[PDB]
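>>> Test case, fold it:
(one chain, ligands or ions: 2)
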Amino acid sequence: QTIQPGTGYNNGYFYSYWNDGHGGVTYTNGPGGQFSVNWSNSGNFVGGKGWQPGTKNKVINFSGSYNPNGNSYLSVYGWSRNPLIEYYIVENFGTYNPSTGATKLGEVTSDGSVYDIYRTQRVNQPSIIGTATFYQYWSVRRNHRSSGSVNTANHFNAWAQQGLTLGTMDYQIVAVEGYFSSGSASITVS
Ligand code: NA
Ligand code: NA
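Numbering: from 1, shown residues only. Ligands and ions are numbered 1, 2, ... in the order given. Take a look:
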């Protein structure tokens with residue numbers, strides 16, 4: 001169903017839906033690993049389904065329709081603890097590339113495309129443990145797609161070889177994120 005911000009479990013999958021207080025976002029959980037989101041001139045929001053906790057070797061499948069009208073991402077997204085890391089494996093995005101506000105460490109050729117690897121430091125920002133300073137890791141897919149499989153180990157291992165350490169996994173989802181834009185998306189995760 002259409003729900004408010006929060007986390008929980010639906011039809012066998014963990015879900016997280018968060019936003020910054022700006023309206024215009026409707027997030028809806030569907031059967032199995034499906035969710036859909038429709039946003040009209042939202043602020044920043046992140047919503048999707050997956051697992052709690054994630055793993056460092058999960059092969060994640062996703063498929064659906066993704067129609068962003070502005071700044072938005074479709075990613076495998078999650079966190080670790082000790083160290084506290086927020087990470088992204090971006091499979092598709094709108095008008096804004098993550099490369100802008102991050103620093104490139106290398107590349108990895110995975111699941112049919114080269115991805116550029118970046119790290120950014122979030123200073124005194126919101127997190128799964130409250131206001132904190134922590135690193136963000138990115139793999140950004142050069143060839144955007146709306147379906148396929150992501151072997152997360154390819155990215156975690158590549159990040160490790162570049163000196164990017166991951167802690168013990170917290171949640172791991174396929175998420176649609178928007179940032180002051182509009183759009184629609186419907187995705188099934190497994
Ligand atoms: Na795109
Ligand atoms: Na801040």
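
>>> which parts of the protein sit against ligand 1?
92, 144 (Cβ under 5 Å from the ion). In short, each C-beta sits where N, CA and C put it, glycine included.

>>> give me the residue from the chain nearest ligand 1.
residue 144 (3.9 Å; Cβ to the ion).

>>> Quick check: closest non-adjacent residue to the residue nearest in space to the middle of the chain.
The centre of the chain sits closest to residue 77, judged by Cα atoms, centre = their mean, with a distance of 2.8 Å. Nearest residue to residue 77, sequence neighbours excluded (Cβ to Cβ, 6 or more residues apart in numbering): residue 175, at 4.2 Å.

>>> Export only the CA atoms of stretch 164-172, formatted as CSV.
Extracted C-alpha coordinates of stretch 164-172, given in CSV (Å, rounded to 0.1, in the frame of the first residue of the first chain):
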residue,chain,number,x,y,z
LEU,A,164,37.6,1.7,0.6
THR,A,165,36.7,-0.4,3.6
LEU,A,166,33.1,-1.5,4.4
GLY,A,167,31.9,-2.5,7.9
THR,A,168,29.2,-4.9,9.0
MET,A,169,26.2,-4.5,6.7
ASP,A,170,23.0,-2.9,7.8
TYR,A,171,20.2,-2.6,5.2
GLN,A,172,20.6,-3.2,1.5
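
>>> neighbouring contacts of it?
7, 14, 16, 50-56, 58, 60, 76-85, 87, 105, 117, 119, 128, 135, 137, 152, 156, 159-160 (Cβ atoms under 8 Å, 6 or more residues apart in numbering).

>>> If you count neighbours, what's buried in that stretch?
164, 166, 169-172 (16 or more other Cβ atoms under 10 Å).

>>> next one: stretch 138-148 to chain centre, how far?
Relative to its chain's centre, stretch 138-148 lies at 11 Å (Cα atoms, centre = their mean, to the nearest Å).

>>> Determine how far the last residue of it lies from the first.
19 Å (Cα to Cα, to the nearest Å).

>>> likewise stretch 161-173?
OK, stretch 161-173 end separation, Cα to Cα: 23 Å.

>>> And stretch 27-36, by the same measure?
End-to-end for stretch 27-36, by Cα to Cα: 6 Å.

>>> Same question for stretch 3-16.
10 Å.

>>> List of residues touching it?
17-19, 27-33, 35, 46-52, 171, 173, 175, 189.

>>> What are the buried residues along it?
10, 13-16.

>>> who does the residue nearest to residue 77 bridge with?
Taking DSSP bridges as the rule, residue 175 bridges to residue 48, residue 75.
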